[PDB]
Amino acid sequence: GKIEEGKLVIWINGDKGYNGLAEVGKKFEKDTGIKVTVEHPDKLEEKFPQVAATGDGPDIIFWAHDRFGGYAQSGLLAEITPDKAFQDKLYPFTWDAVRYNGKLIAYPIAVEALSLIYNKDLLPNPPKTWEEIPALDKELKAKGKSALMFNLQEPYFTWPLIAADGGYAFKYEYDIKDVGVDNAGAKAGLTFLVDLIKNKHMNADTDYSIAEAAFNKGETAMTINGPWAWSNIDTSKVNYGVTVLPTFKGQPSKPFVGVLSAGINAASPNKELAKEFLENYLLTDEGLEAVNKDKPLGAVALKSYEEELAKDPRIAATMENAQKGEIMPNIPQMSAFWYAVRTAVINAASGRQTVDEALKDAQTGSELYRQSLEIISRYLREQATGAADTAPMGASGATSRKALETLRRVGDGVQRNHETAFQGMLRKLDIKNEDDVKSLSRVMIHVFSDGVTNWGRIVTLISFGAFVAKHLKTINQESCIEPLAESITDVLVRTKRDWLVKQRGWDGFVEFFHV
């Protein structure tokens, strides 16, 4: 498609102050004559990369900063270049959340962290620990109430508990190879949650709407939610407090902290209008107030307005929880991490998998991109140069090593046996440079991904990749090999994610072709 020139289309999630944002849109229109349309489509964070890839979608996309590195890596976002005067009006750490490969890829809006929200008329003093919640629920059940209800369908809400005793996404000291999804800490956290469900203190089917309705109707004493939820609680007239999340095994719950951010679509012909809107209408005291009055933003990036908002105890509590938590990475692998952990929590909560089974799969899913890249990059580069990479494999190194040696055996068999067809494709594709390499993804998707899924055809995908890498070296295009490896890996892990996790990833590969 093609984005329409001379207006702005904005996407923002359905839990945010989109009516307030439209009010800012109307102010923009009054000055400029430019119509601003605000939409809140379902699953917009999944829809955006799909539609933006074809040159379509909104001019401006709002989401937490974690999704934006993936969008930027895919070429879907315009670089943001505000002047010093504007940059200095927002907190430096908020700009850090929207920096990717040394470039700003969005405007930061507000800092979001989950807090414990409690009904003061049911629980005058909230529990300091997760461990006391079962007993509290038993006490409340005798009054026809429950202790706690929160969204169990999105791992964002369960993550603070998983991370408490030592669960982590990607180690920070980031070591992207070091994933902490199936360690003792993560298992302890998720087992506690599953035990709450087993003991009928929570229901595995509880989602955002169910938890919100139960808290706002006075049926449950506590919920876990962000600043955006406070408006509906205000309307309900529940006498509520916002406080520090309970501890688990004596340690703070560690929410993953988000920075609501606004990115500009790389395909937009309205980039100057978008910049003007965001800098001089939205990111002002009046603009943010308009949004905040609809649904609270949390701790805003704009220093001048945050000085007012920081006096609110609910914002103090938000920032207390934020400081105990961690700012989310914006690495492209966050989407896969979230999908992996989402499935794990849901499956463990429903009883479809045990906690061990669930987190094992989540670990495999979260490691999949980087492990696949290590194997594929190494094979392509050693095939092209004739010499192996001496660098340590790192995390899950036996698997990588054994997958690579398996690939050497089976892949060299494919290349030899199918040399003529490989030569025919190589010449027909006519790959000369980094631009021609960029075009191969669509062809790989059409030929590899649409065909039957098995380890044989995965070996062909990679082996032809090695054949191309050899050619690139020969023609003094050795710099194209790593981009090629990244492209093959993306195609493999994106299109065959679910199948790969079912095989136990590269351990399945090694087993399948064992001599």
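A residue's number is simply how far along the shown sequence it sits, counting from 1. Only the largest set of C-alpha atoms that superpose within 1.5 Å between the two forms is called the rigid core.
A.B. asks: Give, as the answer, the stretch of 68-76 and 434-442 that departs more from the shown form in 9 other deposited structures of this protein; the measure is RMS Cα distance after a core fit.
C.D. replies: Relative to the shown form, the greater RMS C-alpha distance in 9 other deposited structures of this protein belongs to 434-442.
A.B. asks: After fitting on the rigid core, pick out whichever of 424-432 or 179-187 shows the bigger RMS C-alpha deviation in 9 other deposited structures of this protein.
C.D. replies: Once the cores are fitted, 424-432 deviates more in 9 other deposited structures of this protein.
A.B. asks: Please figure out whether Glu173 and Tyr174 are truly consecutive in the deposited sequence or have unmodelled residues between them, and give none, 1 to 3, 4 to 9, or 10 or more.
C.D. replies: 1 to 3 residues are missing.
A.B. asks: Do the C-alpha atoms of 370-378 or of 305-313 have the higher average B factor in the entry?
C.D. replies: Taking the mean C-alpha B-factor of 305-313 and of 370-378, the larger value falls to 305-313.
A.B. asks: Compare the mean C-alpha B-factor of 192-200 with that of 413-421 as given in the PDB entry, and name the stretch with the higher value.
C.D. replies: Per the deposited B-factors, the answer is 413-421.
A.B. asks: According to the deposited entry, which of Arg342, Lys275, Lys438, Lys295 has the largest Cα B-factor?
C.D. replies: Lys438 has the highest C-alpha B-factor of those listed.
A.B. asks: Going by the deposited entry, which of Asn183, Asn151, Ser261, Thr318 has the highest CA temperature factor?
C.D. replies: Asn183 has the highest C-alpha B-factor of those listed.
A.B. asks: What third of the chain does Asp15 rank in for C-alpha temperature factor, lowest, middle or highest?
C.D. replies: As the PDB entry reports it, the C-alpha B-factor of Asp15 lands in the lowest third of its chain.
A.B. asks: Sorting the chain's CA B-factors, does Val257 end up in the lowest, middle or highest third?
C.D. replies: Ranked within chain, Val257 CA B lands in the lowest tercile.
A.B. asks: Would you check the entry's CA temperature factor for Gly167 and let me know if it's in the chain's lowest, middle or highest third?
C.D. replies: CA B-factor rank for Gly167: middle third.
A.B. asks: Please say which third, lowest, middle or highest, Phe448 falls into when its CA temperature factor is compared across its chain.
C.D. replies: For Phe448, whose C-alpha B-factor we compare with every modelled residue in the chain, the answer is the highest third.
A.B. asks: Test of reading the entry: by CA B factor among the chain's modelled residues, which third contains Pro58?
C.D. replies: Lowest third - that is where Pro58 ends up once the chain's C-alpha B-factors are sorted.
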